[PDB]
Structures are given as structure tokens and as C-alpha cells.
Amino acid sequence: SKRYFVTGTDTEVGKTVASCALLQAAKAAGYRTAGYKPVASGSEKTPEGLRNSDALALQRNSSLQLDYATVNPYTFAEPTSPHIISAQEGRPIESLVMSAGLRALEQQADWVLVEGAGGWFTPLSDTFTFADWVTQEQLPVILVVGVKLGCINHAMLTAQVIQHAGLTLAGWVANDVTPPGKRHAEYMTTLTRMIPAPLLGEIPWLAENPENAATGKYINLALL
């Protein structure tokens, strides 16, 4: 099974928008796809339980028909760091459960995209971060970068930390979170020479519901 972990340079850089574009491109290449969001906070109440919008986006951009709990085993209502609300609720986030869920998806999908929560160093308990699980699983990493002032620094910090952990940085995706601005081309050129991995594509600024937008065409899956 090909498997990739998707992380972002900051909260709200469009990591889910880029994950839906990647899933769309993979579907278009003929893969049987599955999105996996093991941990999610910031969720709505429904008759069936708590449902997170990013996990719902991954669920319906998957080519397989998947149950929600398969896509997102840990769901918390409050939008804070997972280790805080996990401790508040008395519901430990277990590494074994996160890994069993990924194996379960590997029985039916041959292309699996794993989306983290927040940024690289999001804590899952007081002694365990998301980065620890990713390193354990030896997942190759795709970095999503929102093209804005501040992103050069954050992209460089994240890229260096992943490489220090002995992980493969598979590529990065540029996401245009704002309208056309004055130094867009120079930011793209700087980011391209400084991130030691191929740029997989750039998603334009899309004003209406970009998660449901057909964005697979912006991704060149041949560089992965």
C-alpha cells in the first residue's frame, strides 16, 4: 500500500483542501483510495455522534465507501490540542488504535493518505506527540505550505525537523490561501529552492467551498 502523512506549516493553511486534491489525483490515476484522520478535535453533534468536517471531507473524497469511524476513530467536540481534551474527557489516544486503524484501511485501499491534526508537533498525551507516531510508522511526509509572509520560516523549520527525525519528506504543496498579492512569484521561488523535496503543485485561491472543488488537476502525482 502507498501511504503518505500530510502535515501543514501552521493551523488553517489548507491541509484538508490539499488532502482532497491529493485524493482526487490518486483516484484519477486508478488507485483505490482512503483518507485517514486518526485524531480530530472541533466537531459537530449529529444523531449518530460527533462528526468532524475535515474527516467528513476525507470520507467523501475517498474512492472507497467507508464508515466514518474507520476514517476518524478519535473525535472530540472542542477545537483545542488533542492532549488537553483527551485528558479532560478521560479518553486516552492510543498508538495501537491509531496503527490498527491504518492497517484496517490497508486491507481495502492501495493508496492511503493520513492527515494529522494541527502542525508537526501536536501532543497526543503528555509523553507522546503526533510526530512520535509518524516516526514509528515510518510514513513519508507531504508538507502543505500556505503561501504567505511567515511561511518561509515555518516551512524551513518543519522541513528541518522532519529530516532530523530520519523521515522522508516526499514533497510539498503550495496552497494560495489569499488573493493574488504583490510578492507571490518571489515567495514561490524562495520556497522552491529552500524546501529539499519536489513541489507537487499549487492550488489557487478558491473563494467557494474549496473542499468540494475539483482540484485534483493541480497535483502532479508523478513526482511522488
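Start at 1 and count along the sequence shown; that's the residue number.
Stretches 195-203 and 25-33 differ in mean C-alpha B factor, with the higher average recorded for 25-33. Looking at mean Cα B-factors across 42-50 and 155-163, the upper value is held by 42-50. As recorded in the PDB entry, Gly118 shows the highest C-alpha B-factor of the residues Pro123, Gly118, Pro140, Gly101.
In the deposited entry, the Cα temperature factor of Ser19 places it in the lowest third of its chain's modelled residues. When the modelled residues of the chain are ordered by C-alpha B-factor, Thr7 sits in the lowest third. When the CA B factors of the chain's modelled residues are split into thirds, the value for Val147 lands in the highest one.
Annotation for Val97: CA B-factor lies in the lowest third of the chain's modelled residues. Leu66: CA B factor lies in the highest third for its chain, per the PDB record.
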